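Trainee: Below is the sequence, then the experimental coordinates.
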Amino acid sequence: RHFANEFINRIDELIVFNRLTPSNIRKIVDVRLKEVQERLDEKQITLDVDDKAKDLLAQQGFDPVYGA
Amino acid sequence: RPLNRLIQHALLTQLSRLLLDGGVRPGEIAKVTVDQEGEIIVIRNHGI
């Protein structure tokens, strides 16, 4: 309703994003730890994270107002 | 106006995917019909 009728319909794809679903929270902390481990493989440094450290980051660094 | 959007989001979506992996070879008549779920399905001819 902000633009005109000859502009809001000419777009061939209107992608509407959704909120942070609880089932996709685990997939967020997985790709973040891979980038840190990838940058350390050059210096022969392997960093592994278990399931105990992932539980604290999945209940503190996530807000419904902001996000990431 | 919404008629031009459903074609590019159902009819021109599955048919354009088969033209990259090897579903519809350049020279084969494609068939467009419905399935058992009420959706425009594209019956492929050749495999990958």
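Mentor: Perfect, thanks for sending it. Numbers count the residues shown, from 1 in each chain, chains lettered A, B, ... in the order given.
Trainee: drop to CA atoms for contacts and neighbour counts, all remaining ones
Mentor: OK.
Trainee: what's the residue closest to the geometric middle of the chain?
Mentor: Unless you meant another one, I'm taking chain A. Closest to where the C-alpha atoms of chain A average out (CA atoms, centre = their mean) is residue A:28, at 4.6 Å.
Trainee: right idea, wrong chain: chain B
Mentor: Centre-nearest of chain B using CA atoms, centre = their mean is residue B:15, 2.9 Å out.
Trainee: tell me which element residue 17 falls in.
Mentor: I'll assume chain A. In this structure, residue A:17 is located outside every helix and strand according to DSSP states H and E.
Trainee: wait, I meant chain B there
Mentor: Assigned by DSSP H and E, residue B:17 falls in helix B:12-21.
Trainee: That helix - contacts with which helices or strands?
Mentor: Judged by 3 or more CA pairs under 8 Å, 6 or more residues apart in numbering or on different chains; DSSP states H and E, the packing partners of helix B:12-21 are strand B:40-43.
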